[PDB]
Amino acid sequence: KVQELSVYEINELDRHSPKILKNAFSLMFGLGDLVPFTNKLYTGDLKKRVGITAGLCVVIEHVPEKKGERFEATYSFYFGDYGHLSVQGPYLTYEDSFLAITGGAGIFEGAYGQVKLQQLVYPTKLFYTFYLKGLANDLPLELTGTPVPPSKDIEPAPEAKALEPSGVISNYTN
């Protein structure tokens, strides 16, 4: 059975990310550049903060015909006390992509499948669709609220940005 889970990842310019480690001999990103990162994570209904993403983007090549970059990513999605999701695959700054679910822990132990990566605003808003298989349980009501249709002007609920209890999960990751 497939449980579709969607979140919103936003860089609110407060976690020192992304951090650029420059090695390519070019004013544009190129192989050599490494970009560690860590942004916040809010539920798909934008009412709650669940955790953060954490990981590493490796630059593969700038794509000028597409006015964009090519990173190879391996990173996690943290959902507080519930557990986390890990992924591996392509992140194209210019289009939408699909990454592999390499596994999970917690309520996400044994997770597999693919996850959709939709950009919205570069480099601050991305929407994801986890076509999640492998879990032993139905997901938490607080993580499955009807998603908010993605667009450039989406904003987490004021309470979630404000970290008020109603807008967060227990031990939300920060």
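Between two forms, the rigid core is defined as the largest C-alpha subset superposing within 1.5 Å. Numbers follow the displayed sequence, beginning with 1.
Engineer: Determine, for 103 to 111 and 23 to 31, which one has C-alphas that on average lie farther from this form in 6 other deposited structures of this protein; superpose on the rigid core first.
Structural biologist: After superposing on the rigid core, the more displaced stretch in 6 other deposited structures of this protein is 23 to 31.
Engineer: Would 25 to 33 or 137 to 145 have the larger average of its C-alpha temperature factors, as given in the entry?
Structural biologist: The deposited B-factors put 137 to 145 ahead on the C-alpha mean.
Engineer: Which is higher in the entry, the mean Cα B factor of 112 to 120 or that of 44 to 52?
Structural biologist: Averaged over C-alpha atoms, the B-factors run higher in 112 to 120.
Engineer: Ordered by C-alpha B-factor within the chain, which third holds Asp81? Give me lowest, middle or highest, please.
Structural biologist: For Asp81, whose C-alpha B-factor we compare with every modelled residue in the chain, the answer is the highest third.
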